[PDB]
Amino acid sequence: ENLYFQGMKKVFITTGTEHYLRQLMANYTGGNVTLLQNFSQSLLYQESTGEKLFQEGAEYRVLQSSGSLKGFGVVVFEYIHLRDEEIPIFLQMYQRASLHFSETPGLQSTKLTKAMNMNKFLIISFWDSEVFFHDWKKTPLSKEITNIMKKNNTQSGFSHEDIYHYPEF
C-alpha cells in the first residue's frame, strides 16, 4: 500500500575481495548478480524481491527504477542522507527529473533506493562509460545530489560517490 515503507523490491550490495565475491556469486543465481570493481575494491550487485534471507551485504529498498542493465560500462553509487522534512520533496523532484532519464545520453538504468530502516539513500546509475556520467554532472539533478552530499558531510556521517566498472573479460 505505501511502497516507501512496504516495498519488497531490493538491491543487495556486498563488498570484499574478488576471490571471496566470486565464491559468493557461485552460491547465488539470477537477480542480475553483477560483479563490479575499481582500483580499491570489488563489489557484488544483486536485485531481488522479498525479505532478506542469507544475502550477505547491505540491503536497500528500491523506491524508483528506470531502464535496464546492459551488462557493460560503469556504475555509480551515490550515498546520501536526508532529513524527514526533505524526503517527500526529494522524491518528488527525483520523480520529475526521471521523466527525462531516457533523454540522458549514455544512461542505461537508474535505481533510487533506501537503506533499510534508515534515512540513508543510495542512488545507483548504470552508464555506457564514465564520459557520459561526467557530462551528466552538468545537470540540475546532479548538482542537487552533489550539494546534499557536501551538506551531509559538514554535518554527521559520510555521504560519498563510488564509481565502479565491469571486470576484465
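All residue numbers are counted from 1 along the displayed sequence.
Mean CA B-factor, 112 to 120 versus 26 to 34: the higher value falls on 26 to 34. Annotation for residue 130: C-alpha temperature factor in the middle third relative to the rest of the modelled chain, per the entry. Per the PDB record, residue ranking by Cα B-factor puts residue 56 in the highest third of the chain. Looking at the C-alpha B-factors along this chain, the one for residue 149 belongs to the highest third. Ranked against the other modelled residues of its chain, the C-alpha B-factor of residue 69 as given in the entry falls in the highest third.
Sorting the modelled residues of the chain by their CA temperature factor places residue 4 in the lowest third.
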